[PDB]
Structures are given as C-alpha cells and as structure tokens.
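Residue numbers (the authors' numbering), protein chains in the order written: chain B, 365 to 416; chain C, 110 to 259; chain F, 110 to 259; chain I, 110 to 259.
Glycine included, every Cβ here is placed at the ideal spot set by N, Cα and C.
Here is the structure we will look at.
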C-alpha cells in the first residue's frame with residue numbers, strides 16, 4: 365500500500381513539474397516576442413537565435 | 110482605414126489596420142463593423158493593451174504604413190491636432206473622451222505613428238497615452254499618471 | 110419614429126415607442142430592426158393586445174409626452190387622414206390594406222393618442238380597431254364585432 | 110439581371126434565376142447575398158454542372174425566359190459579343206476569368222440563349238464552356254477538350 369502511493373506521488377510530481385515549467389517558460393517566451401516589427405526586421409536577432 | 114468597435118448603439122473605440130494586419134484595445138468590447146476581420150481568431154497581449162491578428166490577402170494594400178520619424182512640429186489628428194513634446198503627445202482641452210480608443214494620428218506624409226489608450230491633464234493642456242515605435246523598431250508605451258482607460 | 114419589422118424579405122408589422130415604453134402587436138411576429146431595441150425583453154400582456162417593455166435610456170430624447178383628450182376635428186395619417194365621428198375612428202373605402210397595424214395616428218399638433226390594430230367593413234366606410242386612452246389612463250379598445258386584424 | 114455569390118467578401122460567380130426557377134453552377138460554391146431565396150432545401154443535379162431549386166411566389170414575372178432560338182449571328186454579352194458559328198461559341202483572347210462563373214449571354218430581343226460555365230483556350234480564339242438548350246429540349250453540352258471551367 366505504501367509503495368503505490370509513493371510511486372504515484374513521484375510520478376505525478378515529475379509530470380506536474382514538467383507541466384508547470386512548460387507553462388512558465390511558455391508565458392515567459394510569449395511575452396517576449398510581442399515586439400513584432402512589421403516594417404523593421406526581427407528586433408535583435410539574439411532572440412530568434414535562441415529560438416530558431 | 111477606419112473600423113469601429115461599438116456596443117449596443119454607443120461609441121467605444123475605433124480600430125485600424127497597420128502595415129499588414131490589425132489591432133484593437135482590450136478595454137473595448139462588442140460589435141466591430143465587418144464580418145471579414147471579425148471571423149479571424151485574435152491573439153491578445155496584455156502588456157501592451159493591444160491584441161494582434163493577421164488579416165488575409167483581401168486586405169493586401171488598403172492598410173496604412175507606419176514610421177517612427179517624429180521631429181518637433183504639428184501633425185494632424187482625427188479630432189484636431191497634436192504636439193510633439195519630447196515623446197509626450199497631447200490633446201487640446203476637453204477634446205477627446207469616451208469612445209475614442211484606437212484612434213490613430215497621421216503625419217504630413219501619410220504615415221501613422223500613435224495609437225491611443227486614454228488621457229490625463231497636467232496644467233494648461235491635456236496629455237494623452239501613446240503606443241508608438243522607436244528608431245530601433247520596438248514598441249513603447251508612454252502612459253501619464255492617472256490615465257484611466259477611455 | 111416608426112421602426113419596421115424584418116420578415117423574410119418583407120415587413121409583417123411595425124413598432125413605435127411612447128413615454129419611455131415600447132409597443133408590439135400580438136398578431137405581429139418577427140425580429141425588430143435596431144440593436145438596442147431587440148435586446149430588451151417583453152413583459153407581455155397578450156390578451157390586451159400589446160407587448161410592452163422598457164426602452165434604453167439613450168432613447169430618452171425620442172419619445173413623446175401626452176394628454177388624453179380627443180376633440181372633434183380631423184386626424185392626419187400616413188395614407189391621408191382619418192376622421193373623427195361617433196367618438197370612433199373609421200378609415201374610408203379602399204384605403205387601408207395589410208401590415209399597417211402597429212403604426213400610429215397623429216393630429217395637427219403632433220401627438221399620438223391612438224394606434225391601429227384591425228378593420229371591419231360595412232358598406233363604404235371601414236371601422237378599424239383602435240387602442241386609445243382614458244382620462245384615467247387605462248387602455249381602451251373600440252372593437253367592432255366581426256373585426257379583422259391586418 | 111442575375112444575383113452574385115459572395116465567398117469571403119468578393120465575387121465568385123452569378124446565380125441565374127432564369128426560365129421560371131433558380132439555377133446556379135456546381136463549379137463554384139458559396140452562398141447568396143439575398144435572404145428570401147436561400148431559406149429552403151435546394152436539390153442538386155451533378156450530371157451536367159447545374160443546380161435546380163424553386164423560387165418564392167414573387168419571381169415568376171420578372172424572371173427572364175429562355176427560348177432555344179438559334180439563328181447564326183452576333184449576339185451580345187457583358188464582356189464582348191459572343192456568336193454562334195459552326196456549332197461553337199467563341200470570344201477573342203484576353204477575356205474573362207475566375208469570378209465570371211455563370212454569367213449568361215443574351216440576344217437582340219432581350220432573353221437568354223445560353224449560360225456560360227467557363228473553359229480555356231486552345232487555338233487562335235477562345236472557346237467557352239456553356240450549357241445550352243436545343244430544339245428537342247436537350248441540354249446538350251458543348252465544351253472542347255482541355256478546358257477547365259471558370
């Protein structure tokens with residue numbers, strides 16, 4: 365009985381950790397390229413150099 | 110060049126299509142006077158208080174190109190004139206109120222610069238809240254103190 | 110002042126406003142024209158043949174204010190005039206078709222005391238059913254027997 | 110005249126209420142910018158590229174008629190002058206295109222002889238894909254090989 369709750373606890377912990385990190389860095393990146401610059405180019409190419 | 114955002118018979122804001130797609134304020138809701146650019150799904154950006162979303166090839170050239178070239182001088186505005194005060198655009202007394210959101214300004218050459226959010230007065234003549242672009246090509250807000258959303 | 114009803118590429122009836130309130134006939138079905146005017150709901154009283162409701166307060170500068178007298182004379186109307194005899198309201202021969210039930214009548218000074226619902230022909234002159242007002246202010250129908258709603 | 114079909118704002122083709130009831134070509138799709146005629150089920154005939162539907166009780170008179178009358182001569186059309194020689198329909202080069210899917214050609218009297226589908230060119234002068242009645246009431250198809258319909 366103890367090993368099933370320990371294993372499901374650590375499995376749900378690592379997946380909710382990866383999900384929280386994914387949503388965290390997803391919001392922190394999507395409020396970063398919001399300067400879109402139609403008439404110029406990419407703002408400083410270090411950002412899309414990090415990305416692509 | 111103009112597309113309103115109204116709701117149930119009162120003015121709330123006026124959208125524009127700049128350089129290839131459109132934008133719209135976030136404190137302004139309801140009806141917009143098209144079904145082409147209403148059908149698109151829009152991405153909202155809370156930090157600049159304007160959403161963005163692409164328009165199809167049907168609007169390939171009816172848009173208005175933009176710049177960042179603001180030397181000191183008088184330019185034209187939809188309900189009057191402006192004054193370049195060191196990056197702080199401003200509106201004559203009493204002119205401009207509720208239902209004047211997203212109104213663009215226009216230069217002497219046919220170039221758009223500023224998008225509006227609200228306004229606040231300091232002394233003799235009322236300052237306004239600007240969304241503009243710089244010579245480097247990144248966007249700015251210059252919001253006065255106590256500028257409630259119109 | 111008279112706002113029509115959208116049916117299928119035609120008009121079925123019409124609707125007007127009075128005193129800050131709204132009209133509709135029971136026999137008249139269909140969607141009304143204006144954005145602020147449809148979204149308010151109808152506390153309906155169908156056996157008194159009027160579907161009232163409260164209008165937006167931005168419509169406070171379009172409604173009318175009345176008294177309840179009807180002195181003898183003549184009352185102008187969209188299809189000419191309507192005459193005042195027998196304490197009644199009767200339309201001449203041939204004039205008056207279908208779909209005009211909902212639209213008001215007027216006098217020289219321009220105030221509605223009466224709105225049209227039906228019709229009944231005996232020989233030449235046609236007696237149509239009229240909602241009018243008491244000096245106590247309660248709704249009144251002068252319906253002939255064997256009437257016919259338009 | 111004819112009634113157009115609006116996909117996403119702009120022109121696609123023309124729906125012909127012709128000969129008593131409604132026809133629209135199956136090559137182009139979209140909906141009609143007229144509300145009373147699209148409030149019913151419309152059956153299809155995918156054999157020879159036309160759709161068959163009803164009309165309401167107010168389009169029998171003004172609908173232009175068809176009589177399959179063929180004297181070989183110069184007829185007329187909104188973008189030139191189509192004529193019938195050798196058992197063919199022809200227009201010179203640099204004409205039509207997409208958006209012109211279903212505009213009919215007429216005669217000197219003022220009634221229809223044929224409804225155009227489109228086509229392409231193979232030779233010194235452009236042939237047209239058409240749906241045209243004959244003497245025995247047959248809607249025979251005249252379309253040269255190698256011509257996709259407009």
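Can you list the residues of chain C that residue 117(I) reaches, using a CB-CB cut of under 7 Å? 145 and 167
inquiry  = For the beta strand (DSSP E) containing residue 366(B), name the first residue and the last one.
reply    = Not the beta strand (DSSP E): residue 366(B) falls in the alpha helix (DSSP H), residues 366-394.
Residue nearest to residue 189(C) in terms of C-alpha spacing, selected from 165(C), 199(C) and 136(C)
199(C)
With the cut-off set at 8 Å, would you say residue 237(F) and residue 205(F) are in Cβ contact?
yes
query = Are the segment 224-237 of chain F and the segment 110-119 of chain F touching, with three or more C-beta to C-beta distances below 8 Å?
reply = Result no; under three Cβ-Cβ pairs closer than 8 Å.
8 Å Cβ cutoff, residue 174(C) in contact with chain B
yes
query = If you measure from the beta carbon of residue 401(B) to each beta carbon in chain C, is any gap under 8 Å?
reply = yes
For this session: For residue 223(C), count neighbouring Cβ atoms within 10 angstroms of its own Cβ and tell me buried if that reaches 16, exposed if not.
Result: buried
Go ahead and label residue 124(F) buried or exposed: buried means 16 or more other beta carbons lie within 10 angstroms of its beta carbon, across all protein chains shown. buried
* Asked: Using a Cβ-Cβ cut-off of 7 Å (strictly less than) and excluding sequence neighbours within five positions of residue 179(C), which residues of its own chain qualify?
  -> 193 and 222
query: Can you name the residues that DSSP bridges to residue 235(F)?
result: 200(F) and 230(F)
Span of the alpha helix (DSSP H) around residue 222(F) = Per DSSP, residue 222(F) lies in no alpha helix (DSSP H) and is assigned neither H nor E.
**Coarse secondary structure for residue 194(C), derived from DSSP in three states** = strand
Notebook entry, point to check: If you follow the alpha helix (DSSP H) that residue 406(B) is part of, which residue opens it and which one closes it?
Noted result: Segment: none, residue 406(B) is in no alpha helix (DSSP H) and carries neither H nor E.
Are residue 202(F) and residue 235(F) touching if we call contact CB-CB under 8 Å? yes
Around the C-beta of residue 134(I), are 16 or more other C-beta atoms found within 10 angstroms, so that it is buried, or is it exposed? buried
- prompt: What do you reckon, are the CB atoms on residue 208(F) and residue 242(F) nearer than 8 Å?
  reply: Between residue 208(F) and residue 242(F), the gap from beta carbon to beta carbon reaches 8 Å or more.
- request: Could you tell me which residues DSSP puts in a beta bridge with residue 160(F)?
  value: 153(F)
(Q) Can you check which of these residues, 139(I), 128(I) and 129(I), is closest to residue 113(I) by C-alpha distance? (A) Check the Cα spacing between residue 113(I) and each of 139(I), 128(I) and 129(I): the tightest is with 139(I).
* Could you run through the segment 380-407 of chain B and flag, in chain order, every residue whose CB is less than 8 Å away from some CB of chain C? => 395, 398, 399, 400, 401, 402, 403, 404, 405 and 407
| field | Euclidean distance between Cα positions of residue 214(I) and residue 220(I) | value | 9 Å
Q) Does the distance from the CB of residue 403(B) to the CB of residue 162(C) come in under 8 Å? A) Not closer than 8 Å, so no.
inquiry  = DSSP three-state label for residue 167(F), please.
reply    = helix
message: 8 Å is my cut-off, CB to CB: does residue 190(C) come that close to chain B?
response: no
Q) From which residue to which residue does the alpha helix (DSSP H) around residue 247(F) run? A) Neither: residue 247(F) is in no alpha helix (DSSP H) and is coded neither H nor E.
Checking the sheet assignment: what are the DSSP bridge partners for residue 130(C)?
127(C) and 163(C)
(message) Tell me which residue opens and which closes the alpha helix (DSSP H) that residue 116(C) is part of.
(response) Where residue 116(C) is concerned, there is no enclosing alpha helix (DSSP H), although the beta strand (DSSP E) it sits in stretches over 112-116.
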